[PDB]
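**Student:** Pasting the sequence and an experimental structure:
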Amino acid sequence: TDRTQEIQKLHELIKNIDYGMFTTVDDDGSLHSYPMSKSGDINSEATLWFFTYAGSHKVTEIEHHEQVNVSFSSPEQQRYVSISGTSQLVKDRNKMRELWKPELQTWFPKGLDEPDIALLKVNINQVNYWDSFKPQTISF
Amino acid sequence: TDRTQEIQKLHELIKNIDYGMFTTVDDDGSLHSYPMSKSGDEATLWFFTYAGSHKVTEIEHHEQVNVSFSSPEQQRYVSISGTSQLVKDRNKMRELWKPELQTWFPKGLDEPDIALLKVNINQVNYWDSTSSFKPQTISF
Ligand SMILES: Cc1cc2nc3c(=O)[nH]c(=O)nc-3n(C[C@H](O)[C@H](O)[C@H](O)COP(=O)(O)O)c2cc1C
Ligand SMILES: [Cl-]
């Protein structure tokens, strides 16, 4: 598929940008953004994965408004990426085991035995990027 | 007071970051982000735009926006929640114009469709080396 090519393009775009800004909309219609660093590379599935505490303030926003945006800004590379998609909180044990890295101990002291540890998944719908003015678009 | 101070911290935070990612919500609930060059130095941000742009149509139905500023090199990530409005004031444009903007506005202030977006800031959330990267908040 050109799906493979699109997922590959997205990988090349964001692989070197460790933190993106994850934006939600809340009940009042306000938009809040949060620095987030994904776990794992994109592959096959056009899905991004992030560890979180289930009680993190962003989680209730995402629960009530699943449409989100994650942006990646790289002045180092003169590159800007807007990823629109839907996000859900999951507690999928297999995906957590797959994505866990010892480094996460700093934020999750009990590791996967933290009672409130969870994942935010982002199902990518559209990517717009600037490598300027009008973006290039990838639709998934 | 504390207010003028808060405005000063905000100034410290974004003074040396050139482009932010400007996020809006569309009529279908989806969120889209766009790189924008910030102009000028009030708890207000200003950006040049084209009045016929899609982002303007978005903000006309949903005025709440977010502007994020990120700089790994400066160890800081800033989320600015505000409301945006289209401004057509030629004096303010003159006041805010800088030569660098000719990249996206070739005829400069003689562009027939050039206008301003004013962002009234409601809340700033930031993560930086001063905060040991734990979330700090300023509210107006
Ligand atoms: C780094 C950079 C700076 C930009 N600055 C502006 C700007 O200040 N104003 C603007 O309208 N577009 C700017 N753009 C383009 C916007 O990101 C966007 O693609 C464009 O305004 C069209 O958006 P629209 O869907 O609202 O029509 C910039 C693009 C880049 C890559
Ligand atoms: Cl990736």
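**Tutor:** Okay, I see it. Numbering: from 1, shown residues only, chains lettered A, B, ... in the order given. Ligands and ions are numbered 1, 2, ... in the order given.
**Student:** Could I get the CA-only coordinates of the longest helix seen in chain A as PDB?
**Tutor:** Secondary structure of chain A read by DSSP state H shows that its longest helix is helix A:2-14. Output of helix A:2-14 as PDB, limited to C-alpha atoms (Å, rounded to 0.1, in the frame of the first residue of the first chain):
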ATOM      1  CA  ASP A   2       0.900   3.700  -0.300                       C
ATOM      2  CA  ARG A   3      -0.300   3.400   3.400                       C
ATOM      3  CA  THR A   4       3.200   2.000   4.100                       C
ATOM      4  CA  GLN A   5       4.700   4.900   2.200                       C
ATOM      5  CA  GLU A   6       2.600   7.400   4.200                       C
ATOM      6  CA  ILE A   7       3.500   5.800   7.600                       C
ATOM      7  CA  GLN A   8       7.100   5.800   6.500                       C
ATOM      8  CA  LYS A   9       6.900   9.400   5.500                       C
ATOM      9  CA  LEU A  10       5.500  10.300   8.900                       C
ATOM     10  CA  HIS A  11       8.200   8.300  10.700                       C
ATOM     11  CA  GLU A  12      10.900  10.300   8.800                       C
ATOM     12  CA  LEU A  13       9.200  13.500   9.700                       C
ATOM     13  CA  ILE A  14       9.000  13.000  13.400                       C
END
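**Student:** in stretch A:42-57, what's buried?
**Tutor:** A:42, A:46-52, A:54, A:56 (16 or more other C-beta atoms under 10 Å in any protein chain shown). In this view, the C-beta of every residue, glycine as well, is placed from N, C-alpha and C.
**Student:** so which of those are also by ligand 2?
**Tutor:** On the criterion C-beta under 5 Å from the ion, residue A:42 are the entries of the buried residues of stretch A:42-57 that sit beside ligand 2.
**Student:** In strands, which of the buried residues of stretch A:42-57 fall?
**Tutor:** A:47-52 (DSSP state E).
**Student:** For chain A, what lies in contact range of chain B?
**Tutor:** Residues of chain A lying close to chain B by C-beta under 8 Å from any C-beta of the partner chain are A:18-19, A:21, A:23, A:25, A:29-35, A:65, A:67-69, A:71, A:73, A:75, A:80, A:82, A:84, A:125-126, A:128, A:130, A:132-133.
**Student:** And the buried ones among these, selectable in ChimeraX?
**Tutor:** Command for ChimeraX that selects the buried part of the residues of chain A next to chain B, burial taken from 16+ other C-beta under 10 Å:
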select /A:19,21,23,25,30,31,32,33,34,35,65,67,68,69,71,73,80,82,84,126,128,130
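**Student:** Out of the residues of chain A next to chain B, list just those in strands.
**Tutor:** Counting by DSSP E, the residues of chain A next to chain B place A:21, A:23, A:25, A:31-35, A:67-69, A:71, A:73, A:80, A:82, A:84, A:125-126, A:128, A:130 in strands.
**Student:** hmm, back to that, wait, does the longest helix of chain A contact ligand 2?
**Tutor:** Yes: looking at helix A:2-14 against ligand 2 by C-beta under 5 Å from the ion, the contacts come from residue A:11.
**Student:** how many other residues sit next to residue A:123?
**Tutor:** 15 (other C-beta atoms under 10 Å in any protein chain shown).
**Student:** what about the longest helix of chain A and ligand 1, touching?
**Tutor:** No: against ligand 1, helix A:2-14 shows no contacts by C-beta under 6 Å from any ligand atom, the least distance being 13.3 Å.
**Student:** Remind me what that helix packs against, helices and strands.
**Tutor:** strand A:79-90, strand A:117-130, strand A:136-139 (3 or more C-beta pairs under 8 Å, 6 or more residues apart in numbering or on different chains; DSSP states H and E).
**Student:** so how far is the second one off the chain centroid?
**Tutor:** Between the centre of strand A:117-130 and the centre of its chain there are 4 Å (C-alpha atoms, centre = their mean, to the nearest Å).
**Student:** tell me the angle of that strand relative to strand A:79-90?
**Tutor:** 150 degrees (axes from the mean of the first three to the mean of the last three C-alpha atoms, to 10 degrees).
**Student:** helices or strands up against strand A:117-130?
**Tutor:** By 3+ C-beta pairs under 8 Å, 6+ apart, strand A:117-130 packs against helix A:2-14, strand A:47-53, helix A:57-64, strand A:79-90, helix A:93-99, strand A:136-139, strand B:31-37.
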